[PDB]
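J.: Chains as they are written, first to last, in PDB author numbering: chain n, 207 to 341; chain f, 1547 to 1595; chain 5, 50 to 470; chain w, 24 to 170; chain s, 102 to 396; chain V, 12 to 108. Positions of the beta carbon are idealized from the N, C-alpha and C atoms, including for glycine. Below is the structure I would like to discuss, written out as structure tokens.
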Amino acid sequence: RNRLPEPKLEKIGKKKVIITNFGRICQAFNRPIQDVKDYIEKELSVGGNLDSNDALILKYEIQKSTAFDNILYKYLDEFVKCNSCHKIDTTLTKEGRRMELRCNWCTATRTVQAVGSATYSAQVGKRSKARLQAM
Amino acid sequence: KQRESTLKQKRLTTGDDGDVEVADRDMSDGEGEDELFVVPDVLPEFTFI
Amino acid sequence: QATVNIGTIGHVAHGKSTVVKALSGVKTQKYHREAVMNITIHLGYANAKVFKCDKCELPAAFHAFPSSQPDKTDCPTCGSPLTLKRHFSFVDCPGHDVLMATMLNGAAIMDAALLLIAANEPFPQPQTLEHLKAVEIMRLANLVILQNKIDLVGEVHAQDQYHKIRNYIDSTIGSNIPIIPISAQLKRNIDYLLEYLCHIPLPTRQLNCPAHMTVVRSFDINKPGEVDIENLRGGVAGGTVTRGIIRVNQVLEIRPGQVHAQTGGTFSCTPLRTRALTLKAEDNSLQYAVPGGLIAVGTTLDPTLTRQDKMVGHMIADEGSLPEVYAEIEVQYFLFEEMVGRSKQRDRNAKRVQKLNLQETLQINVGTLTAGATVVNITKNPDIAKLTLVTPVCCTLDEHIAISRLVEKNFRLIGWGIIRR
Amino acid sequence: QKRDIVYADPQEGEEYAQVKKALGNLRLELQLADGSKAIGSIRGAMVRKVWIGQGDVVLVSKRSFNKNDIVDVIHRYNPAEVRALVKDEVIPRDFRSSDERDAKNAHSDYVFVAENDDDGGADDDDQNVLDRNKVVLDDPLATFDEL
Amino acid sequence: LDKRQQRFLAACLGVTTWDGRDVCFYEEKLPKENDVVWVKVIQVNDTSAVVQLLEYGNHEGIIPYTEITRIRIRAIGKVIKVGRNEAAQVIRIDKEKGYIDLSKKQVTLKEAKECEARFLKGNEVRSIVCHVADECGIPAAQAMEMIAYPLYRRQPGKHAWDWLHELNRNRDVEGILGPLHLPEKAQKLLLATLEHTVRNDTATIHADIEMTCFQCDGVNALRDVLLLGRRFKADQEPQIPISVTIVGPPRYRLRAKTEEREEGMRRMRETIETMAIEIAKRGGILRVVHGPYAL
Amino acid sequence: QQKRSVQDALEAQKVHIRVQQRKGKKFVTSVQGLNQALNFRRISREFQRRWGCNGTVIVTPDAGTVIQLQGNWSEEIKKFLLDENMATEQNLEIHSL
RNA sequence: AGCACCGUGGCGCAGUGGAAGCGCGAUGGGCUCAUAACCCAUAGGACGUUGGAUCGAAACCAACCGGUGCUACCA
Ligand SMILES: Nc1nc2c(ncn2[C@@H]2O[C@H](COP(=O)(O)OP(=O)(O)NP(=O)(O)O)[C@@H](O)[C@H]2O)c(=O)[nH]1
Ligand SMILES: [Mg+2]
Ligand SMILES: [Zn+2]
């Protein structure tokens, strides 16, 4: 029943979605910047970056909502949240190769693995331009 | 205002090099609040009502 | 070395290897194990010595690590020197669905086990119950029931749970085994646990009857050794002794031996004669092996196979001592009424076992064997099946068999049998 | 103008509920924050003056003459008020059932809490009032010297 | 150590001026019509562009707009930019005052692969003969004309690299100095031509032995097999051991990487045959994957 | 026997679904992780007919026998493979939403 | 535990000896009634670390370190 900052959005240009609260959010469950960003951007299969004043940018377009939450839920129940107690105080480790994660509020250690997708993405979606750049 | 600027386009026809010209590109929205710019009085009354 | 073998059973997600981790301080791996996540997959082994803490029964607080408690030669809990009582080995038998058959493989080795239940789940899962009936094939007397998690949930739900479990037990298996709280990724209340293990008596074994060993491990060749004498730093028949004293420089026969293909329809298997190079148990080296404990008997001759355990259900004895090799075993089988391991809604709602019939895939878990069988005869006398085994089995006893059938991409205990032979 | 928020009257119909998916012919599929599954409708003053999307939360009415006919969307709660409502004491965020409660769909889903109003600014309006009719010192350059 | 000292010193310099950036590779001033060449891109200028050759000095050439490719591009900039090194061939050629006219659009379906190879060889020849020449006296013109230029003239268009009348002959085997004239610079030539080049890099498969099968004698048999595996040999390197990866219980992976030729293939085949036929009668039989590769 | 059983019930076979967006409110969807043995033409041609869609039987290097569909469908591209021994309920990635 | 490959601007990478570049970015302008689209100017590099070979390299050799894949499964 923990409290997580409620991500809050902007619709700029009716394409992009800027997420102002990015920095604050990443701090809260105690994981770094680039790694968190990766997972998000991979799932949605879009570009955009962060940089700036630590407000994220994404090329994904949605009707403005609180429904960004679903994405965050996936990240938090894979990575941070232990399956022993249900509780985030958790802290990432480096054990062996592709081995990570520790709990510390009862210290029941748990390992997890990190995304490196690269199986299938389809194609989308203009062409001409693609070939032109890949000239 | 931008939506009012998007409804001033001008014009159809597929191609003018390789890329398309389309107006309108769909929006069915719609509006939120309507903030209503509160200051007749705020705080004191709220503990009675 | 270890004198007494202590196993571990319980459904996965209730702890298994967790309790072992507390005491021994070591863990098991195989690489594959990580990739699937919290599946143990093959079998555990470790060793922790018993030495009595002499003002300890249940003192309030001490370090979480068990080195203040036994497995040390000095005590800080009573602040006085320690004295030996016992020494144990551990074994970890899986709790996952698929892994039934390998639990069976490691079920005839052990001399006791700990049941593990946790407070975070329902009363009696299906897999727990199925474990218990599996035991009763090989007929262990000593058993201990535990609640792994009691400090992760309240001290209310705990009590209830305990009452229900308490009712159910001593209405299945007498002796009124105790039900006990522990923690073991917080590593507390070992003192309690340990006190109950101390009182579990010396079993009896034979130390002067012809050699008999049950193998469950093999491979230790290299990496490194790499340079010099070159490779490797020959293999093992890593397992338990039940009978006789396995001394160094004795001559051993592997009685399944090297398996040779069929020559048209009839296969043959020829024994492998091998010598004991060294006996290694724990980090120590033995000159003689006493029954009980896992002893890595150093083997010799040729390469190929026995990569992780292709010595599955293999029997080792001395030269001129031959446990009789049987290709066909006449099994007198008794079936259960309930197809345990089924998950539908609640364990008590289970489906009923279907009769044993001609031409069906079985298994047959003769002790530590996992030999594939097909029923060819239901007739010889009523309730006797003459079952042909592709992989040969050696009889040293009349053999107590658990019979497993496939229910849906996985076998689930159906009954037990005894060989007439 | 006026209030953007109203509360249910438990009598005279009216109970909170949430949209699921949308269906053709102005009707939609609608589910109760206590009871079982439902189908809704909409009124003709909201036929394209107001758009009620999926997973938006609304306030029904119920028929007086005969229950268990069909129900209707007579209002909409703006997202600004949904978070507020759900907080206070009032409606479940899981909308008891969800599809169904016997399958316990969409698990936590840990609370979010709009705890983001204050940023640690906006402290102290308890300070000074005006000092007038006093000669008082107040020359700049302050701090500029620590020597 | 004047070597070390010279380096550290000359980070503070004030640089030693050297011929790395000029001088024609071949005799000729200018190519013939429809000859591929390797250029460098000085700038764009909108209407075509000014580039330079590199095969013959720094001499200019100018591509004309609407002659970079078939496709519409809009902007010229983002295909070609500036600072590149690229192929091109010729259309017209004025020898009267050195206007030259080129196309990137007639160089089609590679062909510019030949250009790369060619250019590189040239660059080698040149950079070599300067380090030779200027240890003693003399400008680069003369040293060049007496070493480089002959082997482009003598045998037509065989460069001064490839076929075995050229320089890489005199890296393998000696005796071609005779019909050319050469004082002290003979020494410095051959010894720089050694000091730098290099051949480079070659296969290095690793024999794989699968000593499947059984017999009242396996281990012992495997040891005997292993003892002939590596040294063996030694001789000057490449070698052929270490040997060094355990795969499975029947499968042993012996290294075997060579630095010099196909010569490792012969050594592996002979070693495998001895081990498999003469030995492997006391244990299981020797089987190959094969055996070589990894690659 | 048991060996194969395990090696199959606990290894490999992992079933990818994904959703993305073409533009505005248009969408697309894929499936991957289905065995080579199955005829792709028969599954694709089912999905289609049960709802206005558009399949394919694309083969891509080191990812092949991968099929896509038109529209957002995630739910029904999971549902139909659950009851049908096509996804051990363990291998079901959704990247939607 | 070895084998193989890789380490270059915030991020992904190009660069076979004359040796600081490109695509995405960030920041600031310009095009447009606005937004996409598209141009331009700015800042931003111990070329993993160390030694060695070489007139001379980021490129070649060795040692160590890190990352990823493959084979190993350790009394
Ligand atoms: N809080 C708490 N965590 C526990 C307790 N017992 C075990 N755990 C945690 O549960 C996890 C599972 O441990 P493990 O022993 O592998 O479970 P298992 O049941 O043996 N796996 P398997 O079923 O395959 O044998 C460990 O990370 C451990 O931290 C307990 O009593 N309390
Ligand atoms: Mg375990
Ligand atoms: Zn925890």
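1) Per the contact definition of three or more C-beta pairs closer than 8 Å, is the segment 59 to 69 of chain w in contact with the segment 145 to 152 of chain w?
2) Can you find a heavy atom of ligand 2 that lies under 6 Å from the Cβ of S290 (chain n)?
3) Can the beta-carbon of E373 (chain 5) be found less than 7 Å from the beta-carbon of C444 (chain 5)?
4) Just to confirm, is the Cβ distance from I186 (chain 5) to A451 (chain 5) under 7 Å?
5) Taking only heavy atoms of ligand 3 into account, decide whether any of them is closer than 6 Å to the Cβ of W311 (chain n).
6) Check the Cβ of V180 (chain s) against every Cβ in chain n and list those closer than 9 Å, keeping chain order.
7) Give me the chain 5 residues within the contact set of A314 (chain n), using Cβ-Cβ distance strictly less than 9 Å, ordered along the chain.
8) Could you check whether the Cβ of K293 (chain n) sits closer than 6 Å to any heavy atom belonging to ligand 3?
9) What I want to know is whether the C-beta of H145 (chain 5) ends up closer than 6 Å to one or more non-hydrogen atoms of ligand 1.
10) My understanding is that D136 (chain s) touches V208 (chain s), with C-beta atoms under 8 Å, so please give their C-beta distance in whole angstroms.
11) Can you check whether the CB of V346 (chain 5) is closer than 7 Å to the CB of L328 (chain 5)?
12) Given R52 (chain V), which residues of its chain have a CB within under 8 Å of its CB, disregarding the five upstream and five downstream residues?
13) Do the segment 338 to 354 of chain s and the segment 265 to 285 of chain 5 touch if we need at least three Cβ pairs shorter than 8 Å?
14) Ligand 2: which residues have Cβ under 6 Å from any of its heavy atoms, chain order?
15) Skipping 5 residues on each side, what residues in its chain have a beta carbon closer than 6 Å to that of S1574 (chain f)?
16) Restricting to Cα atoms, I'd like to know which of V42 (chain V), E100 (chain V) and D19 (chain V) is closest to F58 (chain V).
17) Just to confirm my understanding: we take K300 (chain n), look at its own chain, exclude 5 residues before and 5 after, and list those with CB closer than 6 Å. What are they?
18) 7 Å is my cut-off, CB to CB: does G1561 (chain f) come that close to chain n?
19) Considering only the alpha carbon of each residue, which of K270 (chain n), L215 (chain n), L298 (chain n) and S327 (chain n) lies closest to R33 (chain V)?
20) With a cut-off of 7 Å, does the C-beta of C291 (chain n) fall near any C-beta of chain 5?
21) Can you list, in chain order, the residues of its chain whose CB lies under 7 Å from that of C312 (chain n), leaving out five sequence neighbours each side?
22) In whole angstroms, what separates the C-alpha of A293 (chain s) from that of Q24 (chain V)?
23) Kindly examine ligand 1 and report whether one of its heavy atoms sits closer than 6 Å to the Cβ of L195 (chain 5).
24) Can you list the residues of chain V that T419 (chain 5) reaches, using a CB-CB cut of under 8 Å?
25) When every heavy atom of ligand 1 is checked, does at least one fall within less than 6 Å of the C-beta of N87 (chain 5)?
26) Taking 6 Å as the cut-off, is the C-beta of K79 (chain 5) nearer than that to any heavy atom in ligand 1?
27) Just how far apart, CA to CA, sit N96 (chain V) and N48 (chain w)?
28) Do we get a CB-CB distance below 7 Å when we pair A150 (chain 5) with the residues of chain V?
29) Would you tell me roughly how many angstroms separate the C-alpha atoms of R237 (chain n) and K110 (chain w), rounded to the nearest one?
30) Counting Cβ pairs, one atom from each stretch, are 3 or more of them under 8 Å apart for the segment 280 to 287 of chain s and the segment 353 to 373 of chain s?
31) Kindly identify the DSSP beta-bridge partner or partners of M364 (chain 5).
32) Since I believe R352 (chain s) is in contact with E311 (chain s) (beta carbons under 8 Å), could you give me their beta-carbon distance rounded to a whole number of angstroms?
33) When burial is assigned at 16 or more other CB atoms within 10 Å of the CB, is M159 (chain 5) buried or exposed?
34) Rounding to the nearest angstrom, what Cα-Cα distance links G184 (chain s) and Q31 (chain V) in this structure?
35) For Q319 (chain n), verify whether its CB is less than 6 Å away from any heavy atom of ligand 1.
T.: Checking against the coordinates, here is how it stands:
1) no
2) no
3) yes
4) yes
5) yes
6) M341
7) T67, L201, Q234 and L235
8) yes
9) yes
10) That pair is no contact at about 11 Å.
11) yes
12) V68
13) yes
14) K65 (chain 5), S66 (chain 5) and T89 (chain 5)
15) none
16) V42 (chain V)
17) none
18) no
19) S327 (chain n)
20) yes
21) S290 and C291
22) 59 Å
23) no
24) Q12 and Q13
25) yes
26) no
27) 37 Å
28) yes
29) 27 Å
30) no
31) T263 (chain 5)
32) 5 Å
33) buried
34) 40 Å
35) no
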